[PDB]
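The file data.txt contains compact mmCIF, C-alpha atoms:
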```
# COMPACT_ATOMS: atom_id res chain seq x y z
CA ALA A 218 18.88 2.96 -10.98
CA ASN A 219 15.33 3.90 -11.95
CA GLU A 220 13.78 2.75 -8.64
CA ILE A 221 15.35 5.75 -6.87
CA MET A 222 13.81 8.06 -9.48
CA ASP A 223 10.43 6.38 -8.94
CA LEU A 224 10.56 6.98 -5.19
CA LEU A 225 11.78 10.49 -6.00
CA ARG A 226 8.62 11.37 -7.93
CA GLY A 227 6.84 9.74 -4.97
CA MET A 228 8.43 12.34 -2.67
CA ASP A 229 7.51 15.21 -5.06
CA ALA A 230 3.90 13.93 -4.91
CA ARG A 231 3.90 13.68 -1.12
CA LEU A 232 5.18 17.18 -0.69
CA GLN A 233 2.65 18.34 -3.35
CA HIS A 234 -0.25 17.48 -1.00
CA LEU A 235 1.80 18.81 1.93
CA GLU A 236 1.17 22.04 0.12
CA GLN A 237 -2.58 21.26 -0.07
CA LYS A 238 -2.99 20.46 3.67
CA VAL A 239 -1.00 23.67 4.46
CA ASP A 240 -2.91 25.68 1.81
CA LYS A 241 -6.09 24.68 3.75
CA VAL A 242 -4.80 25.89 7.17
CA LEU A 243 -3.49 29.11 5.70
CA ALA A 244 -7.00 29.69 4.28
CA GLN A 245 -8.36 28.92 7.81
CA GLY A 246 -7.28 32.41 8.97
CA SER A 247 -9.85 34.70 7.34
CA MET A 248 -12.34 33.40 9.94
CA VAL A 249 -9.91 34.91 12.47
CA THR A 250 -9.97 38.35 10.90
CA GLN A 251 -13.76 38.65 10.88
CA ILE A 252 -13.63 37.48 14.41
CA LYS A 253 -11.21 40.29 15.33
CA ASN A 254 -13.34 42.90 13.57
CA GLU A 255 -16.47 41.62 15.31
CA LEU A 256 -14.74 41.43 18.69
CA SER A 257 -13.95 45.11 18.21
CA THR A 258 -17.71 45.73 18.21
CA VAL A 259 -17.98 43.43 21.22
CA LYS A 260 -15.33 45.58 22.93
CA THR A 261 -17.15 48.85 22.28
CA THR A 262 -20.59 47.56 23.32
CA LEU A 263 -19.16 45.95 26.47
CA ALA A 264 -17.46 49.24 27.33
CA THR A 265 -20.77 51.05 26.81
CA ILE A 266 -22.49 48.60 29.18
CA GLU A 267 -19.70 49.03 31.74
CA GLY A 268 -19.92 52.82 31.67
CA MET A 269 -23.70 52.74 31.89
CA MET A 270 -23.60 50.48 34.93
CA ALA A 271 -20.92 52.65 36.55
CA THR A 272 -23.11 55.71 36.07
CA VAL A 273 -26.04 53.88 37.58
CA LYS A 274 -24.07 52.80 40.63
CA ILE A 275 -22.74 56.34 41.15
CA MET A 276 -26.31 57.68 40.96
CA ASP A 277 -27.34 56.36 44.38
CA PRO A 278 -27.66 59.29 46.80
CA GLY A 279 -27.16 56.80 49.62
CA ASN A 280 -23.42 56.55 49.07
CA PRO A 281 -21.60 59.81 48.31
CA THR A 282 -19.02 59.42 45.53
CA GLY A 283 -15.80 61.25 44.75
CA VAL A 284 -14.16 61.90 41.39
CA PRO A 285 -10.56 60.62 41.29
CA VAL A 286 -8.11 63.53 41.50
CA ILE B 216 22.27 12.02 -18.86
CA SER B 217 19.78 11.18 -16.12
CA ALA B 218 21.74 13.20 -13.55
CA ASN B 219 20.61 16.44 -15.27
CA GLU B 220 16.88 15.59 -14.88
CA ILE B 221 17.65 14.57 -11.27
CA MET B 222 19.37 17.94 -10.75
CA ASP B 223 16.19 19.70 -11.93
CA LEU B 224 13.82 17.64 -9.76
CA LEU B 225 15.97 18.10 -6.63
CA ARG B 226 16.15 21.87 -7.30
CA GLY B 227 12.36 21.89 -7.54
CA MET B 228 12.34 20.01 -4.22
CA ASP B 229 14.37 22.83 -2.68
CA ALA B 230 11.96 25.43 -4.06
CA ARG B 231 8.96 23.50 -2.74
CA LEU B 232 10.55 23.38 0.71
CA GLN B 233 11.06 27.18 0.56
CA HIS B 234 7.32 27.53 -0.25
CA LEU B 235 6.39 25.36 2.78
CA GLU B 236 8.78 27.47 4.88
CA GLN B 237 7.06 30.76 3.92
CA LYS B 238 3.50 29.38 4.33
CA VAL B 239 4.29 27.99 7.80
CA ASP B 240 5.89 31.33 8.74
CA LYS B 241 2.57 32.94 7.81
CA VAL B 242 0.93 30.35 10.09
CA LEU B 243 3.18 31.58 12.90
CA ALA B 244 2.02 35.12 12.11
CA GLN B 245 -1.64 34.02 12.36
CA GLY B 246 -0.67 32.50 15.72
CA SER B 247 0.62 35.92 16.87
CA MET B 248 -2.74 37.40 15.79
CA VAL B 249 -4.70 34.77 17.72
CA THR B 250 -2.61 35.41 20.83
CA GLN B 251 -3.42 39.14 20.59
CA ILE B 252 -7.11 38.24 20.30
CA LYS B 253 -6.59 35.91 23.29
CA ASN B 254 -5.30 38.56 25.71
CA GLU B 255 -7.88 41.14 24.51
CA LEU B 256 -10.81 38.71 24.86
CA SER B 257 -9.54 37.83 28.34
CA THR B 258 -9.68 41.53 29.20
CA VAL B 259 -13.29 41.58 27.80
CA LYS B 260 -14.18 38.61 30.03
CA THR B 261 -12.66 40.26 33.12
CA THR B 262 -14.62 43.45 32.45
CA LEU B 263 -17.88 41.51 32.12
CA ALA B 264 -17.09 39.68 35.36
CA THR B 265 -16.53 43.07 37.00
CA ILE B 266 -19.98 44.38 35.87
CA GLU B 267 -22.20 41.32 36.83
CA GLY B 268 -22.03 42.57 40.44
CA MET B 269 -23.58 46.00 40.07
CA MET B 270 -26.41 44.14 38.25
CA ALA B 271 -28.03 43.35 41.65
CA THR B 272 -27.08 46.22 44.06
CA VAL B 273 -28.65 48.38 41.28
CA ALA C 218 26.44 14.24 -9.20
CA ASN C 219 28.08 14.80 -5.82
CA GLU C 220 27.30 18.53 -5.78
CA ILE C 221 23.56 17.88 -5.93
CA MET C 222 23.60 15.46 -3.01
CA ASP C 223 25.58 17.99 -0.94
CA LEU C 224 22.85 20.56 -1.83
CA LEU C 225 20.24 18.09 -0.54
CA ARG C 226 22.22 17.52 2.70
CA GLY C 227 21.89 21.30 3.17
CA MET C 228 18.27 21.39 2.03
CA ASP C 229 17.01 18.60 4.25
CA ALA C 230 18.96 20.13 7.13
CA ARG C 231 16.75 23.12 6.41
CA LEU C 232 13.94 20.53 6.51
CA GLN C 233 14.83 19.44 10.07
CA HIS C 234 14.85 23.16 10.91
CA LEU C 235 11.40 23.48 9.32
CA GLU C 236 9.95 20.66 11.42
CA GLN C 237 11.64 22.10 14.52
CA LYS C 238 9.92 25.46 13.89
CA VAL C 239 6.49 23.93 13.22
CA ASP C 240 6.86 22.00 16.49
CA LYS C 241 6.30 25.43 18.04
CA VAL C 242 3.37 26.02 15.66
CA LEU C 243 1.83 22.96 17.32
CA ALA C 244 1.44 24.89 20.59
CA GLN C 245 -1.93 26.58 19.79
CA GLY C 246 -4.03 23.51 20.71
CA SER C 247 -4.50 24.19 24.41
CA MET C 248 -4.49 27.85 23.34
CA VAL C 249 -7.68 27.55 21.25
CA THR C 250 -9.05 25.35 24.05
CA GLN C 251 -8.47 28.21 26.49
CA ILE C 252 -10.09 30.78 24.20
CA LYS C 253 -13.14 28.52 23.81
CA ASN C 254 -13.30 28.20 27.59
CA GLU C 255 -13.16 32.00 28.13
CA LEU C 256 -15.90 32.88 25.56
CA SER C 257 -18.12 30.09 26.84
CA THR C 258 -17.58 31.66 30.28
CA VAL C 259 -18.48 35.04 28.74
CA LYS C 260 -21.68 33.50 27.37
CA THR C 261 -22.63 32.04 30.75
CA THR C 262 -21.97 35.25 32.66
CA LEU C 263 -23.94 37.44 30.24
CA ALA C 264 -26.71 34.88 30.63
CA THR C 265 -27.00 35.88 34.29
CA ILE C 266 -26.84 39.56 33.35
CA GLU C 267 -29.73 39.38 30.84
CA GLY C 268 -31.60 37.25 33.41
CA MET C 269 -31.48 39.91 36.14
CA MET C 270 -32.20 42.77 33.71
CA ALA C 271 -35.76 41.67 32.84
CA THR C 272 -37.59 42.61 36.04
CA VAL C 273 -40.64 44.52 37.25
CA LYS C 274 -38.82 46.65 39.83
CA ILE C 275 -37.69 50.17 38.91
CA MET C 276 -34.08 51.10 39.77
CA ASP C 277 -33.60 53.41 42.76
```
Could you write out this structure as structure tokens?
Amino acid sequence: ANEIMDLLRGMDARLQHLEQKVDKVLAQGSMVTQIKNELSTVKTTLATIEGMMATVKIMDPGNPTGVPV
Amino acid sequence: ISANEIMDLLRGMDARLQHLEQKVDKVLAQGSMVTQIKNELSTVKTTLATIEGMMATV
Amino acid sequence: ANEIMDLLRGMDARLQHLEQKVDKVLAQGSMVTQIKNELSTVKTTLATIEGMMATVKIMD
């Protein structure tokens, strides 16, 4: 009779910390955002470096270069 | 009498499971975000690999 | 009563569905491993780049 109710509260309790463990992982995401915002800056600075090196390579009079189209 | 309290606790169980469902769906969404960051960072890596070469010739 | 236990047969069926779905959520392990590998690679390759930049020669 009452044993089943006892184990029932036990289940409620178990699930209650299921929430906690999950609450933690949901909160683990902000780190991601910042990382996306900072990788945007990584993208733009890497593109700047790429364009600068392309300009350098195309600045050698030794090898004539042609603009596409 | 007890069956009424049991009804309430089991209904609360259902609600708790719905909460877990939503939170884990948000976890799937975060996973979609991390996969986007994956492909984009891979593109970043490939671009950096492409530039290391000119480093010497120039 | 009986109605409640039928509601829990439905609700824990939803529970098996929940665990089935989070089985897919488990997949990001090797995923984060891969992203760690790529960025570490990025770090190593930019190491070479900064290494060759500091030099006495002037670019021609």
field: Test item: residues at most 12 Å from residue C:253, all atoms listed in the file, excluding those fewer than 3 positions along its chain, as a ChimeraX atom specification
entry: /B:252-253,256-257,260 /C:246-250,256-260
task: Find the residues of chain B in contact range of chain A, meaning any atom within 7 Å when counting all atoms listed in the file, and list them as a PyMOL selection string.
output: chain B and resi 228+235+242+245+252+259+266+269+273
field: Interface, chain B side, toward chain C (8 Å; only C-alpha atoms) as a ChimeraX atom specification
entry: /B:218,222,225,229,232,236,239,242-243,246,253,256-257,260,263-264,267,270-271,273
- prompt: In Å, with one decimal, what is the gap from atom CA of residue A:227 to atom CA of residue C:223?
  reply: 20.9 Å
message: I'd like the interatomic distance between atom CA of residue A:282 and atom CA of residue C:273, to a tenth of an Å.
response: 27.5 Å
task: For each of A:278, A:254, A:262, A:237, take the minimum atom-to-atom distance to chain C, counting only C-alpha atoms, then give the residue where this is smallest.
output: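 Among the listed residues, the smallest separation from chain C belongs to A:278.
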- prompt: In terms of the shortest atom-to-atom distance over all atoms listed in the file, which of A:231, A:285, A:279, A:241 is closest to chain C?
  reply: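 The answer is A:279, which sits nearest to chain C.
Between atom CA of residue C:237 and atom CA of residue B:249 there is a distance of 20.9 Å.
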